[PDB]
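Chemist: Here it is, the structure, as structure tokens.
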Amino acid sequence: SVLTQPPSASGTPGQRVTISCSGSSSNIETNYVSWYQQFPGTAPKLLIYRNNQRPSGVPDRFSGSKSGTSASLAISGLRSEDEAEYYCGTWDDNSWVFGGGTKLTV
Amino acid sequence: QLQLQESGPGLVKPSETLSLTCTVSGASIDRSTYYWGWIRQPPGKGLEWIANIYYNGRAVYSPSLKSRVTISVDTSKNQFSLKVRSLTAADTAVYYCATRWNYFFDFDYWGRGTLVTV
Amino acid sequence: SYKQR
Amino acid sequence: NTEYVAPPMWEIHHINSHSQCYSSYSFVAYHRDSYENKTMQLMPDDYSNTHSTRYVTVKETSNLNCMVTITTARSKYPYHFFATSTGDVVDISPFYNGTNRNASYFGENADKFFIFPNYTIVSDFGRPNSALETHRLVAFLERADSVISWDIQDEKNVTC
Ligand SMILES: *[C@@H]1O[C@H](CO)[C@@H](O[C@@H]2O[C@H](CO)[C@@H](O)[C@H](O)[C@H]2NC(C)=O)[C@H](O)[C@H]1NC(C)=O
Ligand SMILES: *[C@@H]1O[C@H](CO)[C@@H](O[C@@H]2O[C@H](CO)[C@@H](O)[C@H](O)[C@H]2NC(C)=O)[C@H](O)[C@H]1NC(C)=O
Ligand SMILES: *[C@@H]1O[C@H](CO)[C@@H](O[C@@H]2O[C@H](CO)[C@@H](O)[C@H](O)[C@H]2NC(C)=O)[C@H](O)[C@H]1NC(C)=O
Ligand SMILES: *[C@@H]1O[C@H](CO)[C@@H](O)[C@H](O)[C@H]1NC(C)=O
Ligand SMILES: *[C@@H]1O[C@H](CO)[C@@H](O)[C@H](O)[C@H]1NC(C)=O
């Protein structure tokens, strides 16, 4: 039940970057969608737990939305340290399916 | 103050299975913990969830790896181990020991994964 | 504990 | 012989939304007439204790009642457990929301604890119709005989 996440994305400092995950309509549709941030060479970290709400300590620049079977992560005011790999994650009937993995480039 | 560590082997061959162990410090596996699990990542590829295990011994596996993967937990030593059978060249990856600690967060705590080369 | 057992 | 059973979660939601309790707790134990799925209102009941504000429904057979007691609970620093008036010692921090588990304690059964954000609760159980009130976070915990609820508040804003 792969999420068909794009391989990578590009952007510029001070710009907004949108990353999209396409669901199967049976896992992403209802089961909560989470976004994870992983710097290269180290273990990932939770970035957006629920579809909308934001964990403690994460900057307000990150935002998440879930329309239909699509999930969108929006980054505002792109910075230098924002370069990392962003993953989607959701439940599929007692099965956790991560996203493909988007390598953000500035 | 959850802490997860791994003590798996650094080198493996296809002729034998792979056994990894995750040890928990700063807490204890009990009825107050939701679940733990193993998530692998090939170098430069996406993350792959292998299986989840609960405190009562219940284990839910991934359909693609259900046959070749087994998982067990020892509450006395506050550890849980994963065994993968019929290793191939594609299994050379960094294996992470993840879990759920906070109620909403879901996959929140990620132990420092260990590299395994086939 | 008695009650919740 | 009388026994106590925790209402199923859907029943808890129905009581919170409409102050209506469903009969025939699931095996089944019908209250009377062997029929079921009847929205029975909760009456203000009679005063029992200075703290409890119990709201009941009834007011070789089997009689089924449905009580919603609004008790008072207390906790001491560092707020790692709280005890209600009628016993009910719970090993959950009263200010533990669903993110700060490394800054607050939680030791109860992890498979029976539920937190609902922006939850709607009837203002008064006694009144058949009441103005629904929204709460930021409401935490539910299922026990052997009952289900406890308590609004979740920030620690550094109610404690000094
Ligand atoms: C009384 O009616 C309620 C409300 O319709 C029924 O609650 C349903 O129970 C089933 C079985 O567990 C759940 O799958 C449904 O989700 C519940 N309904 C809702 C709206 O959540 C209840 O079963 C009925 N009781 C009986 C027939 O004894
Ligand atoms: C749960 O409680 C934690 C604190 O235990 C809250 O975290 C604080 O949130 C505020 C809101 O902006 C921040 O200013 C603080 O820095 C956060 N941390 C601390 C230690 O106070 C958290 O917001 C609460 N709610 C949720 C839904 O997670
Ligand atoms: C719970 O209610 C709060 C308060 O309205 C919601 O927070 C607002 O959500 C809207 C819509 O997403 C945002 O535009 C606002 O900025 C939020 N804050 C405020 C202060 O209005 C919240 O989304 C609701 N839901 C949850 C799950 O928390
Ligand atoms: C709890 O986790 C937060 C994450 O921001 C960290 O800053 C804090 O030091 C942790 N506290 C303890 C007691 O581990
Ligand atoms: C703190 O409590 C006061 C009084 O109950 C309330 O008005 C306020 O909204 C609460 N929160 C903050 C952040 O001050």
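As shown in the structure tokens, the chain order sets the letters A, B, ...; within each chain, residues go from 1, and ligands are also counted from 1 in the order they appear.
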Tell me which protein, DNA and RNA residues are within 9 Å of residue 93 in chain B, counting only C-alpha atoms, leaving out same-chain ones fewer than 2 positions away, and put them as a compact mmCIF listing (two decimals) with C-alpha atoms, in the first residue's frame.
Modeler:
# COMPACT_ATOMS: atom_id res chain seq x y z
CA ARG B 40 14.47 -0.91 8.63
CA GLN B 41 15.98 1.49 6.11
CA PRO B 42 18.20 0.55 3.17
CA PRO B 43 20.95 3.11 2.51
CA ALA B 90 18.71 -6.38 -0.21
CA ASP B 91 18.66 -6.76 3.60
CA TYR B 95 17.58 -1.19 11.49
CA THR B 114 22.39 -0.57 13.91
CA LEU B 115 23.91 -1.16 10.48
CA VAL B 116 23.74 -4.73 9.16
CA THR B 117 25.56 -5.74 5.97
CA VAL B 118 24.72 -8.98 4.18
Chemist: Residues contacting ligand 1 - anything with an atom at most 10 Å away, using only C-alpha atoms and all ligand atoms - can you give me those as a list in words?
Modeler: residues 8, 9, 10, 11, 13, 14, 21, 22, 23, 24, 25, 26, 28, 29, 30, 35, 36, 37, 38 and 39 of chain D
Chemist: What does the file look like for those residues with C-alpha atoms, as an mmCIF file, in the first residue's frame?
Modeler:
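The file below, part24.cif, is the result:
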data_model
loop_
_atom_site.group_PDB
_atom_site.id
_atom_site.type_symbol
_atom_site.label_atom_id
_atom_site.label_comp_id
_atom_site.auth_asym_id
_atom_site.auth_seq_id
_atom_site.Cartn_x
_atom_site.Cartn_y
_atom_site.Cartn_z
ATOM 1 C CA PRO D 8 -19.321 0.658 26.715
ATOM 2 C CA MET D 9 -17.528 3.647 25.221
ATOM 3 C CA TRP D 10 -20.297 4.357 22.696
ATOM 4 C CA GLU D 11 -22.704 4.565 25.639
ATOM 5 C CA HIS D 13 -20.405 9.204 24.171
ATOM 6 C CA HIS D 14 -24.197 8.987 23.956
ATOM 7 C CA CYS D 21 -28.355 5.927 28.484
ATOM 8 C CA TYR D 22 -28.972 2.723 26.527
ATOM 9 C CA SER D 23 -30.147 -0.437 28.270
ATOM 10 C CA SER D 24 -29.092 -4.069 27.643
ATOM 11 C CA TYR D 25 -25.426 -4.015 28.571
ATOM 12 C CA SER D 26 -23.679 -6.697 26.519
ATOM 13 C CA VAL D 28 -27.089 -9.629 27.619
ATOM 14 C CA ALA D 29 -28.925 -8.499 30.770
ATOM 15 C CA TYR D 30 -32.182 -6.731 29.934
ATOM 16 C CA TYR D 35 -36.712 -4.756 25.018
ATOM 17 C CA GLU D 36 -33.686 -2.527 24.526
ATOM 18 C CA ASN D 37 -32.214 0.476 22.684
ATOM 19 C CA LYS D 38 -34.325 2.996 24.607
ATOM 20 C CA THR D 39 -32.975 6.500 25.279
#
Chemist: I'd like the neighbourhood of residue 77 in chain B as a list in words, where a residue qualifies if any of its atoms comes within 10 Å (using only C-alpha atoms), though same-chain residues fewer than 3 positions away should be ignored.
Modeler: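 The residues satisfying every condition are residues 23, 24, 28, 29, 73, 74 and 80 of chain B.
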Chemist: Pull C-alpha atoms from the residues just selected and write them as an mmCIF file, in the first residue's frame.
Modeler:
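See again.cif below for the written result:
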data_model
loop_
_atom_site.group_PDB
_atom_site.id
_atom_site.type_symbol
_atom_site.label_atom_id
_atom_site.label_comp_id
_atom_site.auth_asym_id
_atom_site.auth_seq_id
_atom_site.Cartn_x
_atom_site.Cartn_y
_atom_site.Cartn_z
ATOM 1 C CA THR B 23 17.124 -2.737 25.235
ATOM 2 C CA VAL B 24 15.065 -0.094 27.044
ATOM 3 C CA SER B 28 10.145 -0.522 31.586
ATOM 4 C CA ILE B 29 7.973 -2.548 29.230
ATOM 5 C CA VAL B 73 9.948 -9.816 24.148
ATOM 6 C CA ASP B 74 11.607 -10.489 27.510
ATOM 7 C CA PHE B 80 12.746 -7.306 22.831
#
Chemist: Out of D:149, D:159, D:63, D:99, which residue has the shortest atom-to-atom distance to chain A when counting only C-alpha atoms?
Modeler: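 Closest to chain A of all the choices is D:99.
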Chemist: Throw together the list of residues within 10 Å of ligand 4, counting only C-alpha atoms and all ligand atoms, and drop it here as a count of residues only.
Modeler: 14
Chemist: May I ask you to write as an NGL selection string all residues lying at most 10 Å from ligand 3, with only C-alpha atoms and all ligand atoms counted?
Modeler: (:A and (50-54 or 65)) or (:D and (116-119 or 134-137))
Chemist: Within 9 Å of residue 110 in chain D, counting only C-alpha atoms, which residues show up once you throw out same-chain ones fewer than 2 positions away? Write them as number ranges by chain, please.
Modeler: B: 30-34, 103; D: 106-108, 112-114
Chemist: Once you have the residues from the selection above, write them out as a PDB file, in the first residue's frame, restricted to C-alpha atoms.
Modeler:
ATOM      1  CA  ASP B  30       4.631  -2.904  30.998  1.00  0.00           C
ATOM      2  CA  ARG B  31       0.875  -2.497  30.583  1.00  0.00           C
ATOM      3  CA  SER B  32       1.421   1.291  30.572  1.00  0.00           C
ATOM      4  CA  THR B  33       3.332   1.208  27.255  1.00  0.00           C
ATOM      5  CA  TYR B  34       1.517   1.045  23.928  1.00  0.00           C
ATOM      6  CA  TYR B 103      -0.727   8.970  23.357  1.00  0.00           C
TER       7      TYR B 103
ATOM      8  CA  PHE D 106       1.221   7.760  33.318  1.00  0.00           C
ATOM      9  CA  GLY D 107       1.149   4.231  34.702  1.00  0.00           C
ATOM     10  CA  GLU D 108      -2.382   2.938  34.187  1.00  0.00           C
ATOM     11  CA  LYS D 112      -7.941   1.642  28.253  1.00  0.00           C
ATOM     12  CA  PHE D 113      -6.951   5.340  28.165  1.00  0.00           C
ATOM     13  CA  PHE D 114      -8.486   7.732  25.633  1.00  0.00           C
TER      14      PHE D 114
END
Chemist: Name the residues, by chain letter and number, that sit within 10 Å of ligand 5 using only C-alpha atoms and all ligand atoms, and give them as a PyMOL selection string.
Modeler: chain D and resi 153-159
Chemist: How many Å lie between CA of residue 88 in chain A and CA of residue 34 in chain A, rounded to one decimal?
Modeler: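 These two atoms are separated by 6.0 Å.
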Chemist: Excluding same-chain residues fewer than 5 positions from residue 48 in chain B, what lies within 12 Å of it counting only C-alpha atoms, as an NGL selection string?
Modeler: (:A and (1-2 or 87-89 or 95-101)) or (:B and (37-43 or 61-65 or 91 or 93-98))
Chemist: Would you give me, as a PDB file with N, CA and C atoms, in the first residue's frame, the residues of chain C that come within 8 Å of chain D, using only C-alpha atoms?
Modeler:
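Written file, iface-v6.pdb:
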ATOM      1  N   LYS C   3     -11.010  -3.729  43.530  1.00  0.00           N
ATOM      2  CA  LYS C   3     -12.147  -3.360  42.691  1.00  0.00           C
ATOM      3  C   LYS C   3     -11.841  -3.579  41.214  1.00  0.00           C
ATOM      4  N   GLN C   4     -10.677  -3.117  40.753  1.00  0.00           N
ATOM      5  CA  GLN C   4     -10.323  -3.203  39.341  1.00  0.00           C
ATOM      6  C   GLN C   4      -9.701  -4.547  38.960  1.00  0.00           C
ATOM      7  N   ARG C   5      -9.910  -5.589  39.759  1.00  0.00           N
ATOM      8  CA  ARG C   5      -9.416  -6.921  39.431  1.00  0.00           C
ATOM      9  C   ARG C   5     -10.565  -7.877  39.136  1.00  0.00           C
TER      10      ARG C   5
END
Chemist: A:80, A:63, A:4, A:105: which is nearest chain B, counting only C-alpha atoms?
Modeler: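 Smallest distance to chain B is found for A:4.
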Chemist: Please indicate the distance in Å from CA of residue 112 in chain B to atom 20 (C, counted along the ligand's line) of ligand 2, rounded to one decimal place.
Modeler: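 Going from CA of residue 112 in chain B over to atom 20 (C, counted along the ligand's line) of ligand 2 covers 24.9 Å.
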Chemist: Near residue 20 in chain B, within 6 Å and counting only C-alpha atoms, which residues show up once chain neighbours fewer than 5 positions away are dropped, as an MDAnalysis selection string?
Modeler: chainID B and resid 8 81:82
